[PDB]
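Here the structure is laid out as structure tokens; the discussion comes afterwards.
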Amino acid sequence: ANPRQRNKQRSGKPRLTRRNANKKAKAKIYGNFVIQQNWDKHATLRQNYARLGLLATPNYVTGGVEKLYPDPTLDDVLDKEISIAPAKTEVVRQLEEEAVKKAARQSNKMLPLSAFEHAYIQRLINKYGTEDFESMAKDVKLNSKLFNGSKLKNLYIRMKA
Amino acid sequence: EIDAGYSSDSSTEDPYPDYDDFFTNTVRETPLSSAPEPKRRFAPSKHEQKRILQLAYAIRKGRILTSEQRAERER
Amino acid sequence: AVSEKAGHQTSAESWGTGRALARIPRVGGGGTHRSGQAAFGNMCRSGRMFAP
Amino acid sequence: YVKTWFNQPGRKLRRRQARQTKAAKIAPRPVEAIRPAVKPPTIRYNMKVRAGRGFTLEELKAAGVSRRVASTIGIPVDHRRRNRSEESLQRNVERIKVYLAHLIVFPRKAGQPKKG
Amino acid sequence: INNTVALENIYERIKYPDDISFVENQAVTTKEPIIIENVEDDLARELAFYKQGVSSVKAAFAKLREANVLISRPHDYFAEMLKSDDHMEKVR
Amino acid sequence: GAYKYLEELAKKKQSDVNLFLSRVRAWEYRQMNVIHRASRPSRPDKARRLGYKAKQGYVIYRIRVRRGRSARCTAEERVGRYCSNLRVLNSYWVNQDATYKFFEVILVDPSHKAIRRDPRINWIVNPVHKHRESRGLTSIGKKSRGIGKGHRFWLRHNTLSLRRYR
Amino acid sequence: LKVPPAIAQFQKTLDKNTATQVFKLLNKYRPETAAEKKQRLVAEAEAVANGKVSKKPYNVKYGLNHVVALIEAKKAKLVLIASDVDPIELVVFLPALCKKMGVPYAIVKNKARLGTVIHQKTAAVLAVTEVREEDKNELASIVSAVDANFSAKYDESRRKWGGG
Amino acid sequence: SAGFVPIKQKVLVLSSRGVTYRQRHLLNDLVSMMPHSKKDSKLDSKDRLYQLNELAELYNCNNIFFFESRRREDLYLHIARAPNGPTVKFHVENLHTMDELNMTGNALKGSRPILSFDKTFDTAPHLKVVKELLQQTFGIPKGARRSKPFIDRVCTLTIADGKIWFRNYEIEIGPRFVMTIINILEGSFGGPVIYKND
Amino acid sequence: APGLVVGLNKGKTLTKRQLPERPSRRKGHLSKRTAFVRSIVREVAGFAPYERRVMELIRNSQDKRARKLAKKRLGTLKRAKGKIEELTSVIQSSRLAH
RNA sequence: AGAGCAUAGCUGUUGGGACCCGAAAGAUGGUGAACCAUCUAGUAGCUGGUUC
RNA sequence: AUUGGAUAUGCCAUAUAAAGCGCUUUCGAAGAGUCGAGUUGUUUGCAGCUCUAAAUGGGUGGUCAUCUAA
RNA sequence: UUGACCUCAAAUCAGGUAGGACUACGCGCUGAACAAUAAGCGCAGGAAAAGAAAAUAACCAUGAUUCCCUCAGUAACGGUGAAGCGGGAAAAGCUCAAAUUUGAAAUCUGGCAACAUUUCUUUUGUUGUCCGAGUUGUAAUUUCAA
């Protein structure tokens, strides 16, 4: 009815039709590959999370839950240690197996020393030994950077390995 | 008592003085800030060491001309 | 539902009472056959249908 | 003006598609963050327990999670809330501790220069 | 709470001079108890207290006129009146 | 620092030093244009805390308005129209006299690369901040329309909301 | 017009002779230029790139926030205030702060001259905090001159409203 | 020194932050009827009311009229003898402003009213205290500014059903509102409680 | 399992905890440097015309008029009382120095 | 020794334009005292009409 | 064909660096013609006009609680 | 004097940017009649605005904003008419000013020269060098939760 919409009705030019209407189809999963392989495309995200043994919400659900078949003290809260949790599904075991193995691969946290770092700490040790780090930090001539005892201790530790 | 009277001020019945130093006449002997001195003021500057390592890197990569080879290019 | 302005898009006014015609407002202007044609009412052609 | 609710079933579908859209991006982690357990602030409701906004700093310190780590593993922090009693502290410390038990944190690759 | 002994001492301490006349002290209590006893009928009580107030006013006016200080307000004497422009318009 | 001394001196606005400078500069500003460029802010403490940085892309403009709507709101709008290519950041009071109130307005160039590459003022480049002073989004504009948090500060009550099942 | 004493004091500046002697000491302690700083750093870069511990630098202190913090810390031996700061209230407290902290101070002419010492267009205030052992007597003689030619002089004049 | 040209009774009228239109309406009224009162600005504090004694000494007013506002819904007028003395706290009910058309008691402004108090004030020793403080304040003493020698108004006071009626007459002067007693203290806006009305 | 049970109750037992002081509640506390800055500026800036008049009345022992003028200018009593005390110490320090 | 609660329909009633057609407008903003557009479905105790 | 976030892996990596946690015989800055007061208008907020601040201070609430504006 | 600095101008100088239109929704200003009313004027975006408490409360306390339901046709006011709590949708937090980098303006725009890169020969950067900005203060660090 609008003059702009009537204009394209009176024209011979076609509309910029875009066929995008696709309801009832759910978003496809990316991110985790393990979840993607075991994710079915028909079920809801609640049904898929429950099937894969995960939790969609760590809180309450603000409604009913579907029922398809009929069913057949501060010391002990602060000093306690919960014993993790079992994996109910092979997917959760697969997720857990990957996390531990990958963390083991990426575990080289200790660092070596560079040419300057090694010569720096080596010169301090040759004069003050290896146990007196407090007097090591107080020597202005050799400790030019004024590293404290804790930094010099970490330098020596990294040199040992 | 306050006698409920009036003090003749109720509504009912040097333009250019000299400078006065009432605070700066004396001299404060101690520093104003008691905060501890950081170690950065007794050690070589870490800002320059950042640039030195950055310059030393690009010297290895050939981004900056070294002083010896700067002169050769000039002549 | 019908449009929120159908039967009221035109402009008209009541010519008066006693002029040998119904006092329903008649579209003003000229040149078009709308001159004198009634609107803003269920009975009048191109008028507001009762209780849209 | 009269507000009509003909888009009521279309808002329901649109909101559900957002949950599915959100879950596709973040595949295995929960679609919501864990919320604390608090008590409403009236004599009419102080017996009830409901969900809060985030965990206090004193609750996170007891549980062993720092306030910078907490946001990265889906634990909200409420800098405003405080624990005026030991029951609120322990009720939500256990809530964090249970959450950490059921949590798998996938490792991240770290940049590691050659020396130094 | 309701310490009669303490209240009585306060009343005597702050009591106005009894020697001051009704016109002098600008206070003359009603001769009889106020007739405004109709709590529900406030309008009737307002008229009931009107008779008691006027009777006290009339009795005091005679007392006020006795000790000079003309009780009747002189119309010629244009003394300041608590009659605001809005208040006078609202009254009429 | 010196901004502690500058900002505590700005509280004694009728002291001997401040009164002499108020009257000397008010005469000077009246000889200039109604809206004139300022080489540097006359209150470097107040501009600095309102978001001004001494760098390219930050502009200070002075404007006088007649005394007798909000005076500061009109100064922001008039300067914004005068410099249509800049974004009004903030504004403040610098001076006044018996007739005029003098204000300085901080503007930011959304096209300068020193602004577009600075993440702390990068937000003003977005088109949603076009003429902030015109829509009451500045500090005085927000205050003018009573925006705030608390009991001290329509459409959803003049409408009938009819649900599907009612 | 009539000016307050705190602004009137800036019209009484240090004399030409003492100011010329002051800048002889200042010009010995100029900060190194952007070019000289780059040359020194690249020289140490080559000694690091190939293969390889100094003394504390010496220079004049500049910057309004920096100098005021040095006076409050009593680290400044001599503070030289520009006489023509465009907003005067930037340095209008400095003579009083220097009096309170016992810092020998002077008001010198041409803020541009102060900037030239530090390779800048303009400096509101310069401050000498601590100089080499060779210049201890030269700085001490300057501080005594500033006491006589600036503090002993004026003084009674700086408490009077100027102008008019 | 302490004062010159002494007046017997001098009041001090104030209000607290948040007073509504009707509360400040009556405050504008009571200032008009008694001219020996001083209208001051709002009081910043709400639990440091002992400063009203300092304010009173400043203006040499022996009576204080603090129209305190609580929750922006109720008015608690405090009447007190400024030097030591007792403090009485009345709640205001059934407001009647000057602007209302029922206002018909056109009396002479500043004219010394004749205050008539019912025996209900004399029934109890504490109600006698209320009568005395009400009498001294509302009654315009001789020698005050705006005072008039002619008498054109007569105040009639009565505690009916345990709650005071303000029935000042010229015909109703215009202020008709309840003065419900609450408590009375031994000091000026302070001191231990000696009366609870209940 | 992670899950919040909303409603009912959790426990009527109570044990009040002592809370520390938050940093925001520290606001208004005077600093050693801010007190120094204000003393320098107050002397440097001078005094307002109404502060000069108030200082004159205090010098002539007319404190009743001084407090009235301060309240008429500033607006409230506790602002007037604070200003009078500040200006009285200025006079006392001036007398000790001069 | 509690009879309510919810929905549907009927009827009555009060608001909305409120059974329909009807009474000079007024106001805002424009065009050349006038003209035009909108508020407007303005205001009706009254007029005429109101369907097997 | 154009793209997004991940995964795997090669190379590079200015780390003499940069962080979180922990502990204290050391420190800890917090926005003014604004707040506020009087008064006059618009619709309590806002606005004008006159005046104009403080530093455990100031705001809002019921001595206490809560908040930390410009 | 040379010469720096501050100004005041100029250039068909280089690189930019604003206007007008739409305006359903949005944010300001203004305003009659029969009410933030229509109009009138100003300004945006795909949403806008609001927004991480100078907020509620009086409890076993809550915890940015926004929207829905409820509170509620209630308190209050003089027929108008909320809000706290409560239930949902969604959730995310942060950045400056006020500190001496002072053992080193560590920061940035631009010109030029190379090297890349592209929704793109159309885009967007990197490195080097020089000039300018900047000490009347640009980075790092800090924002009270500390």
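Positive end of the dipole of the protein assembly as shown (Cβ unit charges, origin at the Cα centre): among G:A82, A:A56, E:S84, the Cα lying farthest that way belongs to A:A56. What whole number of Å gives the distance from the Cα centroid of segment G:53-99 to the Cα centroid of segment I:44-98? Cα centres, segment I:44-98 to segment G:53-99: 34 Å. Cβ-Cβ distance of C:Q9 and H:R70, R₀ of 60 Å, FRET efficiency by 1/(1 + (r/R0)^6): the value works out to about 0.55. In terms of its C-alpha gyration tensor, the protein assembly as shown comes out oblate, because a/c is 1.5 or above while a/b does not outweigh b/c. Residue exposure proxy: D:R44, F:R43, B:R60, ordered by other Cβ atoms within 10 angstrom of their Cβ from fewest to most, comes out as D:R44, B:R60, F:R43. Spatially, chain C and segment E:28-92 are offset by 68 Å when compared through their Cα centroids. Around the Cα centre of the protein assembly as shown, unit charges on the Cβ atoms of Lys, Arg, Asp and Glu (plus for the first two, minus for the last two) sum to a dipole of about 8540 debye. Modelled label positions at D:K61 and G:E134, each set 7 Å beyond Cα in the direction of Cβ, lie 5.7 nm from each other.
Here the dipole of segment F:2-157 is about 440 debye; that uses its Cα centre as origin and unit charges on the Cβ of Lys and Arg (positive) and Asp and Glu (negative). Compute the long axis of helix E:4-13 from its Cα atoms, compare it with the longest principal axis of the Cα atoms of chain E, and write down the angle in degrees, 0 to 90, nearest 10. It is inclined by approximately 50 degrees. Of the trypsin sites (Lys or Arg not before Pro) found in segment I:1-45, those in coil by DSSP whose Cβ has at most 16 other Cβ atoms within 10 Å are I:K10, I:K12, I:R17, I:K27.
Scanning chain C for trypsin sites (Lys or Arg not before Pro) in DSSP loops with at most 15 neighbouring Cβ atoms within 10 Å leaves C:24-44 as the longest stretch between them. Neighbouring Cβ atoms from other chains, within 10 Å of the Cβ of residues in I:29-40, number 5 on average.
By the count of other C-beta atoms within 10 Å, a proxy for reagent exposure, I:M55, G:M101 are ordered fewest to most as I:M55, G:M101.
For the residues of D:99-106, the average number of beta carbons from a partner chain within 10 Å of their own beta carbon is 6. Residues whose amide H comes within less than 5 Å of that of E:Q26, counting only those at least five positions distant or on another chain, are absent (H built at 1.01 Å from N in the peptide plane). Which of the three applies to chain H, rounded, prolate or oblate, going by the alpha-carbon gyration tensor with a ≥ b ≥ c and a/c under 1.5 meaning rounded? Note, shape of chain H comes out rounded.
The loop-placed trypsin sites (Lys or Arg not before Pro) in segment A:1-61, going by DSSP, that have at most 16 neighbouring Cβ atoms within 10 Å of their Cβ come out as A:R15, A:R18, A:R19, A:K23, A:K24, A:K28, A:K41. The D:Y1 and A:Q37 beta-carbon pair, evaluated with R₀ = 51 Å, returns a calculated FRET efficiency of approximately 0.50. Arranged from fewest to most other beta-carbon atoms within 10 Å of their beta carbon, I:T13, E:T30, B:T24, C:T10 become I:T13, C:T10, B:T24, E:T30. Answer rounded, prolate or oblate for chain E, using the Cα gyration tensor with square roots of eigenvalues a ≥ b ≥ c: rounded when a/c is under 1.5, else prolate when a/b is larger than b/c, else oblate. Because a/c hits 1.5 or more and a/b fails to exceed b/c, chain E counts as oblate. Summarising the label geometry, the points placed 7 Å from Cα in the beta-carbon direction at F:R40 and I:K72 lie 4.3 nm from one another. Rounded to the nearest Hz, the phi-derived 3J(HN,Hα) couplings of segment D:85-100 under the Karplus curve 6.51 cos²θ - 1.76 cosθ + 1.60 (θ = phi - 60°) are 9, 6, 6, 5, 5, 6, 5, 8, 5, 4, 4, 5, 5, 4, 4, 5, where x marks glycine and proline. Less than 5 angstrom separates the built amide H of H:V13 from those of H:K38, H:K39, H:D40, H:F65, all sequence-distant by 5 or more or on a different chain. Got a sec? Charge dipole of the protein assembly as shown, +1 on Cβ for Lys and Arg, -1 for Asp and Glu; which of D:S88, F:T74, A:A103 is way out at the positive end? Most positive-ward Cα: A:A103. May I ask for the distance between the Cα centers of segment A:65-142 and segment H:24-69, given as a whole number of Å? Taking the Cα centre of segment H:24-69 as reference, the centre of segment A:65-142 is 70 Å away. Comparing F:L107, F:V65, F:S144 along the charge dipole axis of segment F:26-166, the residue lying farthest to the positive side is F:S144, per the Cβ-charge model. If only the Cβ of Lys and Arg carry +1 and only the Cβ of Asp and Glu carry -1, the dipole of chain A around its Cα centre is close to 2300 debye.
Computing FRET efficiency as 1/(1 + (r/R0)^6) for D:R50 and F:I147, where r is the C-beta to C-beta distance and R0 is 45 Å, gives about 0.90. Label-to-label distance, D:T21 versus A:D79, with points set 7 angstrom from Cα along the beta-carbon direction: 5.2 nm. Taking GluC sites (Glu not before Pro) across segment H:1-76, the ones in a DSSP loop with at most 16 further Cβ atoms lying within 10 angstrom of their Cβ are H:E73.
Neighbour counts run over all protein chains shown; Cβ positions are idealised from the backbone, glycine included. Computed from the coordinates by the stated procedures, all read-outs in this text should not be read as laboratory data.
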